[PDB]
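Q:
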Amino acid sequence: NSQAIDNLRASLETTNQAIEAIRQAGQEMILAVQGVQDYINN
Amino acid sequence: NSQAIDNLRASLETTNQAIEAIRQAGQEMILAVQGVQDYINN
Amino acid sequence: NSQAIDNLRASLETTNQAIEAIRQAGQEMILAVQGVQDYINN
Amino acid sequence: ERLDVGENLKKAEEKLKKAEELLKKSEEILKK
Amino acid sequence: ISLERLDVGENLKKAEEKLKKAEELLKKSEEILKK
Amino acid sequence: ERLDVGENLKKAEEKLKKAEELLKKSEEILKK
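Protein sequence lines, in the order shown, are assigned to chains E, C, A, F, D and B.
Each residue of the first sequence is one higher than the last, beginning at 143 in the entry's author numbering.
Each residue of the second sequence is one higher than the last, beginning at 143 in the entry's author numbering.
Each residue of the third sequence is one higher than the last, beginning at 143 in the entry's author numbering.
Each residue of the fourth sequence is one higher than the last, beginning at 455 in the entry's author numbering.
Each residue of the fifth sequence is one higher than the last, beginning at 452 in the entry's author numbering.
Each residue of the sixth sequence is one higher than the last, beginning at 455 in the entry's author numbering.
(1) Does the distance from the CB of residue 149 (chain A) to the CB of residue 484 (chain B) come in under 8 Å?
(2) Quick check: the segment 156-164 of chain A against the segment 468-483 of chain F, are there 3 or more CB pairs under 8 Å?
(3) What does the alpha-carbon distance come out to for the pair residue 174 (chain E) and residue 464 (chain F)?
(4) Using a 10 Å radius around the Cβ and a threshold of 16 neighbouring Cβ atoms, would you call residue 190 (chain E) buried or exposed?
(5) Report the CB separation of residue 459 (chain D) from residue 179 (chain A) in whole angstroms; it is logged as a contact under 8 Å.
(6) Straight-line CA distance for residue 456 (chain D) to residue 177 (chain E)?
(7) Quick check on DSSP: helix, strand or coil for residue 463 (chain D)?
(8) What's the C-alpha gap between residue 146 (chain E) and residue 154 (chain E)?
(9) Residues of chain F with CB closer than 8 Å to the CB of residue 179 (chain E), please, in chain order.
(10) I want to verify the contact list: residues of chain E whose CB lies under 7 Å from the CB of residue 158 (chain C), in sequence order.
(11) Is residue 483 (chain D) close to chain C? Criterion is C-beta to C-beta, closer than 8 Å.
(12) Taking the CB atoms as reference points, tell me whether residue 152 (chain C) and residue 466 (chain D) lie closer together than 8 Å.
(13) Name the chain B residues whose beta carbon is nearer than 7 Å to that of residue 154 (chain E)?
(14) Using a beta-carbon distance below 8 Å, is residue 150 (chain E) in contact with chain C?
(15) Counting C-beta neighbours from all protein chains within 10 Å, is the total for residue 172 (chain E) 16 or more, i.e. buried, or is it exposed?
(16) Would you kindly report the start and end of the unbroken alpha helix (DSSP H) that includes residue 149 (chain A)?
(17) Just how far apart, CA to CA, sit residue 157 (chain C) and residue 462 (chain F)?
(18) Taking the Cβ atom as the reference point for each residue, do residue 165 (chain A) and residue 474 (chain D) lie within a distance shorter than 8 Å?
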């Protein structure tokens with residue numbers, strides 16, 4: 143079923159995008175925590 | 143092979159569930175860090 | 143297209159590994175915020 | 455001099471809200 | 452004075468439940484693919 | 455002495471860079 147194969151490719155590409163979003167959220171959380179530790183210290 | 147296509151679907155549906163749990167963990171870390179900022183300012 | 147099925151499998155396998163790394167990131171972020179809670183409380 | 459990392463948390467909240475919309479899209483492609 | 456200690460433990464604990472759940476769903480996805 | 459969670463935050467940075475490269479490798483397999 144060539145149409146099912148194309149749905150799987152389109153689904154997995156979009157899931158790979160959702161993961162890149164969650165990864166960037168994670169970079170923002172590290173900065174937020176670092177900002178908190180810098181405040182307390184400095 | 144339709145078993146191979148269906149096996150990919152089951153695996154990808156399970157992966158999307160794992161990503162949603164990590165995303166919701168992310169939302170709890172934001173609340174946690176806001177909570178610390180508020181303790182400090184109050 | 144049985145080649146497209148083989149590429150989707152190798153892709154989804156690499157995607158599961160990316161998500162496990164992000165999940166391990168989240169575990170370290172949890173420790174870090176506990177680190178900040180304790181230092182303030184303790 | 456007041457602690458503010460509000461720009462990081464709001465961008466993180468935007469990144470996770472985007473992930474959520476992309477996940478619903480992925481699931482609907484598989485529904486199809 | 453400070454009335455209460457700092458407690459964001461209810462949040463950090465829901466996050467721990469979430470990462471543990473992700474880990475079990477990832478192992479399930481992996482076991483499905485292998486088949 | 456200093457508050458320092460620099461270890462947790464550094465390891466998290468490593469894990470997110472490792473995730474970025476894996477996702478790159480995955481999108482590259484899906485392209486081929």
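Ideal placement from N, C-alpha and C gives every residue a C-beta, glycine not left out.
A: Concretely, from the data shown:
(1) Mapped onto the third sequence, residue 149 (chain A) falls at position 7. Mapped onto the sixth sequence, residue 484 (chain B) falls at position 30. Yes, they are a contact pair.
(2) no
(3) Taking the first residue of the first sequence as position 1, residue 174 (chain E) is located at position 32. Taking the first residue of the fourth sequence as position 1, residue 464 (chain F) is located at position 10. Rounded to the nearest angstrom, the two C-alpha atoms are 10 Å apart.
(4) Here chain E comprises residues numbered 143 to 184, so residue 190 (chain E) is not present and cannot be evaluated.
(5) As a working mapping, residue 459 (chain D) is identified with position 8 in the fifth sequence. As a working mapping, residue 179 (chain A) is identified with position 37 in the third sequence. The Cβ separation is near 6 Å, so the contact holds.
(6) Sequence index remark: in the fifth sequence, residue 456 (chain D) carries index 5 (1-based). Sequence index remark: in the first sequence, residue 177 (chain E) carries index 35 (1-based). If you take the alpha carbons of residue 456 (chain D) and residue 177 (chain E), they lie about 21 Å apart.
(7) Taking the first residue of the fifth sequence as position 1, residue 463 (chain D) is located at position 12. Helix, per DSSP.
(8) Stepping through the first sequence from its first residue, residue 146 (chain E) is reached at position 4. Stepping through the first sequence from its first residue, residue 154 (chain E) is reached at position 12. Using only the alpha carbons, I get a separation of about 12 Å.
(9) In the first sequence, counting from the first residue as 1, residue 179 (chain E) sits at position 37. Those within 8 Å of residue 179 (chain E) in chain F number zero; the least Cβ separation is about 10 Å.
(10) For the purposes of this step, residue 158 (chain C) is taken as residue 16 along the second sequence, with counting starting at 1. Within 7 Å Cβ-Cβ: 157.
(11) In the fifth sequence, the residue the question calls residue 483 (chain D) occupies position 32. Yes, its Cβ sits closer than 8 Å to a Cβ of chain C.
(12) Reading the second sequence from its first residue, position 10 is the one you call residue 152 (chain C). Reading the fifth sequence from its first residue, position 15 is the one you call residue 466 (chain D). The Cβ atoms of residue 152 (chain C) and residue 466 (chain D) lie no closer than 8 Å to each other.
(13) By one-based count along the first sequence, residue 154 (chain E) stands at place 12. Result: 484.
(14) Here residue 150 (chain E) refers to the residue found at position 8 when the first sequence is read from its first residue. Yes - at least one Cβ of chain C is within 8 Å of the one on residue 150 (chain E).
(15) Walking along the first sequence from the start, residue 172 (chain E) turns up at place 30. Buried: at least 16 other Cβ atoms inside 10 Å.
(16) As a position in the third sequence, residue 149 (chain A) is number 7, starting the count at 1. Note, residue 149 (chain A): alpha helix (DSSP H), 144-183.
(17) If you number the second sequence from 1, residue 157 (chain C) lands on position 15. If you number the fourth sequence from 1, residue 462 (chain F) lands on position 8. If I take the Cα positions, the gap works out to 27 Å.
(18) Looking up residue 165 (chain A) in the third sequence gives position 23. Looking up residue 474 (chain D) in the fifth sequence gives position 23. In contact: residue 165 (chain A) and residue 474 (chain D) (Cβ atoms closer than 8 Å).
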